[PDB]
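# Close look at the chain arrangement
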Amino acid sequence: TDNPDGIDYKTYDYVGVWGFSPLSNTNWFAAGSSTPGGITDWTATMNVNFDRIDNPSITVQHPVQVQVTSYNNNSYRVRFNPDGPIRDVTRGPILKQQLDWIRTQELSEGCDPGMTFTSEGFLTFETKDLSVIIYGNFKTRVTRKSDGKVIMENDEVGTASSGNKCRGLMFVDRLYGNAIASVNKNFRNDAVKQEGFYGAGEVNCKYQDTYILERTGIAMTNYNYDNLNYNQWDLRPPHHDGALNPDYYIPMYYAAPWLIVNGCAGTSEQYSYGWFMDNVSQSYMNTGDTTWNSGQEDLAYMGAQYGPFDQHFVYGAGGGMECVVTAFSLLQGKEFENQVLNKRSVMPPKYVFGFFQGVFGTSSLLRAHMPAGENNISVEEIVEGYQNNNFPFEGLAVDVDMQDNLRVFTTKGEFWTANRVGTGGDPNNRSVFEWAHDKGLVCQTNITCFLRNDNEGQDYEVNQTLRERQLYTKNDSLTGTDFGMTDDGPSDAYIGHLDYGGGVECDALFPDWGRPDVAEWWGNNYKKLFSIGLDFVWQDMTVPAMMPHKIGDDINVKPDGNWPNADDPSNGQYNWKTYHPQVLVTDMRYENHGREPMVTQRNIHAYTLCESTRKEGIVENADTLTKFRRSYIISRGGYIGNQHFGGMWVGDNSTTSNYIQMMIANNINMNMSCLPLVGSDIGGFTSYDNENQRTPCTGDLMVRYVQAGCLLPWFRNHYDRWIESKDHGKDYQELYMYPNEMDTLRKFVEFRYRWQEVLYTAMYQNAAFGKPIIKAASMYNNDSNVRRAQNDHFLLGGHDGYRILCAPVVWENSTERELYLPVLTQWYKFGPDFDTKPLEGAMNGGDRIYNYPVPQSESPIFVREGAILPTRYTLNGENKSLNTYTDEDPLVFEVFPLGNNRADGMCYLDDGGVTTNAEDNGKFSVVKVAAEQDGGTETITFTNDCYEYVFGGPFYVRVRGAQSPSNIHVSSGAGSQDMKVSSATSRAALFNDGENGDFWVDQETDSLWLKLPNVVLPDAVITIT
Ligand SMILES: *[C@@H]1O[C@](F)(CO)[C@@H](O)[C@H](O)[C@H]1O
């Protein structure tokens, strides 16, 4: 059943943005003419005549479907398949079942797009806010009803005398290629529109010496790659001389063929729309880049090395770019499964939002069992460092260090307290994971999908059962290529090589995911780790990232680093640091469809692995999860839709200012690509000192890395540690190792911890509504200076999610940055210090301050007026891990000074992942709160949208700017009472000794604190006179 559509696969190698050239026309079909082919449901068919642009008399016919995906969220989809019948994918971000659910709802509401073929054969339809017309050759014009603004149009190219052809639909003549593309007009250069292009997952873009957010006027590709430092030498453009910097034309680890167009920014006539080309082969996004003649200033396009053509234009229901993100998340939603919680992404345990230390280069659990070696460290020393120094510290990322000879799902004795491997639950021989629980910590460990093959006759159950059950990727191809062999066998398996550097290496078999049976087998392996105490998963080398390898060479030999290149091309011999792209993998996109070569689907492999880990690993074997039944995944690779599996970190960065800059950019961009739980290793993973690789990250840079990283969804210090037996990396990188800075390091980790409910509530907003956690500055509306500030200003938190403004310093040795504060709202300077002193004066929005002061000990962070922020504290005043908090650790609603006499706030509550009942059975609570000021009366009102989780402890209201009241009355379903002044005179005394119904007048910080019983949380009216 192999290659059932009978494709000739013409291209196998990587093809850079310099080798992708739609606008060249030659050898390309474009849409020339059409006739109507009927409408069923919301899907119209046009029978399109494609004409060779360079020889229009050469013509083919393929049916093209136009589908209104959502009326209310203003979205439609265009799809065809030049190579076979049009097929629904069985796996991927956009499934038919969910499209079907959306339409079913909207139909039941009386939504009617009114899709019609005119008598001229023109296709027209409407959405809530938009009207669309497609002419005979596919020329498409999308107009906004309110003002009649044309907000999108596709591209036509002229011919001599054969008429205009629409390059909105393009495919290369299958005689010469397999490629596809689609071209729009691009108003980047319009004096009024000034179209901007945002999104694109992980792409890095340099402008001068600074890394920037926007993705306008550049040629990008999606080509999941083992891209260490984001600049792998083999990724260089042809004939490139000198240092290759990370930059826009280099693929990353995430595959996001997705862009948000945004025009007329900061005006009432603003428009935004997303553009998704659902394709998992190498794909491309060009936003008007003339470099290599890849594009034209006034044209934007997307395309891909292989078919089929499936594309989505997503305008959203409301004004602003965020509405585009939510609508997109809607389209990939799980409402069709009746998810009570995980609608648009999956909720993590609370513990995911804590501060995690990873290290590549640990050698034991305990100091007493650490093998002697230069600069060797034990897991124990790391925990002591953080705990003895009172760091809020969550746990560890344990690396391949703990495995038995790189065998995934194993451990070796050095990583047990008794120095031998046990089966778990033995109190006189604890694994690293068990010992870590007893420290109040949780752990992620490193899982790759390489199953060690060279075992020297020694038994390794995972590889054996992979072999025995024939679940591995075979070594078959259509090209008759020799992928290689070893003495281990099997005679018919793909065999790759894992290389960590420094002799840390092995042969590996791999799972052929598209096979039915593979996913069940994979997920079950995790039992071996969950049962010895493992809490969550850190997914690595997911490409799958293999050692560079040229066909012909022995399996363990890499090619010269300079190869391949322009003068010495791969010519289908380079493996491209993954599977040799010729290999026949069982179809991941279509179940029951045979095998295609991996070139067709490279960017789905990671998504598929995370999927299998999620469904068959974290979910189906939840029984064996020890301390928390909810688990999470942090992946290195993936594809749009990964959020229903977990989050991401941006693989191997490094320790320079630029990588701070890139980390902010990535985090913002990845968020608006609907992957919100993301971060980059804090301190950079790799060595950065060219003279001596072991020099550790400086104190100032770490401070800034930390200040920048501290509110981003995923906060981990991880690094390559130099050790005798793995002689690459730095000496150390842990926050406790910085005496001069410790007091600044510690407080920002504290600050984070205090806003643990701000982060977790945003995560709720994402799971339920798809709001991204981190907002690009351009998502703030009706402001025409945010575009300029968007590189390093990002928003988060609160009821709407624009309550906190961050503007980290992004340069080592700098005590200033230019600061922009969004217009028509007031800001309050805040940070780690302000919890224990009064707020300063309000700052006006729309102020640009050049050279705004930021000492090393500070970071620019502002809370907006009208914010009420849930805030946590330990009862005993010591710093502890998120995971060992209980409801007797105070929950405090901090009410900031009011905006237009009001403030609002929201808080999500569940058992934090202890069980999965919030997401299986609806066991969570959504508290809302509001403050209003009338004359001399202030009313603070608690309501709920559901209260199915009982907050088992007292809670507080902290009114900023309020002092002593004449009276406070509390009215609630149960306790209607007047409050009294506590006999407590300090905050620690009010927490521990204060009675429910006590208030405290806090002069030192100009706050009024109210202590309230747990039972009045879900519904209450507080009137202060
Ligand atoms: C995978 O490879 C490692 F370097 C070693 O397992 C990790 O430490 C790294 O974070 C990841 O890219």
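Residues numbered from 1 in each chain as written, not as in the entry; some residues may be left out. Heavy atoms only, no water.

## Looking at the pattern of salt bridges
Following the criterion strictly, the structure yields 65 salt bridges and no others. Across the salt bridge formed by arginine 589 and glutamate 596, the nearest N and O atoms sit 3.2 Å from each other. With respect to burial, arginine 589 and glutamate 596 carry one shared label: buried. Where salt bridges share partners, they join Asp835, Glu894, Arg958, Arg960 and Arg987 into one cluster. (Salt bridge = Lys/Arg side-chain N within 4 Å of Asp/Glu carboxyl O. Buried < 20%, exposed > 50% of the residue type's maximum accessible area, 1.4 Å probe, protein only.)

## Side note on the sheet that holds strand β26 (residues 395–398)
In spatial order, the strands read β37-β36-β34-β31-β27-β26-β23-β38; together these eight strands make up an open sheet with parallel pairing. With partners counted over all chains shown, the strands left at the sheet margins are β37 (678–679) and β38 (716–717), one partner each. Note that strand β36 (residues 647–649) and β37 share two bridges and pair parallel. Its bridge partner lying in β37, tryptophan 649 is registered against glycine 679. (Pairing = 2+ DSSP bridges. Helix = DSSP H or I, 4+ residues; strand = E, 2+ residues; numbered from the N terminus.)

## Describing the packing of aromatic side chains
Counted according to the given criterion, the structure contains 77 aromatic pairs. The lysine or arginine in question, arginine 716, covers the ring of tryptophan 649, its NZ or CZ lying 4.9 Å from the ring centre. A cation over an aromatic ring shows up here: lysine 837 above the ring of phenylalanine 834, its NZ or CZ 4.1 Å from the ring centre. (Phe/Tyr/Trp six-rings, centres within 6.5 Å; stacked < 30°, edge-to-face > 60°. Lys NZ or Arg CZ within 6 Å of the ring centre and 35° of its normal.)

## Concerning the site of the ligand
Neighbouring the ligand are 13 residues; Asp399, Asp540, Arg636, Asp652 and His718 lie closest to it. Between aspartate 399 and the ligand, the recorded distance is 2.6 Å, taken from a side-chain N or O atom to an oxygen atom. For the ligand, an oxygen atom lies 2.6 Å from a polar atom in the side chain of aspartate 540. When grouped by side-chain class, the residues that make up the shell around the ligand number seven nonpolar, two polar and four charged. (Near = heavy atom within 4 Å. Polar contact = N/O pair within 3.5 Å; in protein donor to acceptor, adjacent residues only side chain to side chain. Nonpolar A, V, L, I, M, F, W, Y, C, P; charged D, E, K, R; others polar.)

## A word on helix α5 (residues 461–468)
What α5 keeps buried is the set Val462, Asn463 and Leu466. Looking straight down α5, one finds its buried side chains confined to an arc of 95°; they lie on one side. Buried residues along α5 sit against β28 (451–452), β30 (505–509), α6 (518–525) and α7 (527–530). Just past α5, the residue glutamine 470 takes up positive phi, approximately 45°. (Arc of directions from axis to C-beta. Contact = heavy atoms within 4.5 Å.)

## Points about the sheet that holds strand β52 (residues 955–960)
Pairing within the open sheet is mixed, and its twelve strands lie in the order β54-β53-β58-β51-β50-β49-β47-β48-β52-β57-β56-β55. Single-partner strands in this sheet number two, and they are β54 (977–978) and β55 (980–981). With six bridges joining them, β52 and strand β57 (residues 1007–1012) adopt antiparallel strand pairing. Residue pairing across strands places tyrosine 956 opposite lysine 1011, the latter belonging to β57. Strands in contact with helix α12 (residues 756–769) are β47 (867–872), β48 (891–895), β49 (902–909) and β50 (925–934); relative to β49, the strand with the most contacts, it is inclined by about 80°. (Axes fitted to C-alpha atoms, helices over the stretch in contact; angles between N-to-C directions.)

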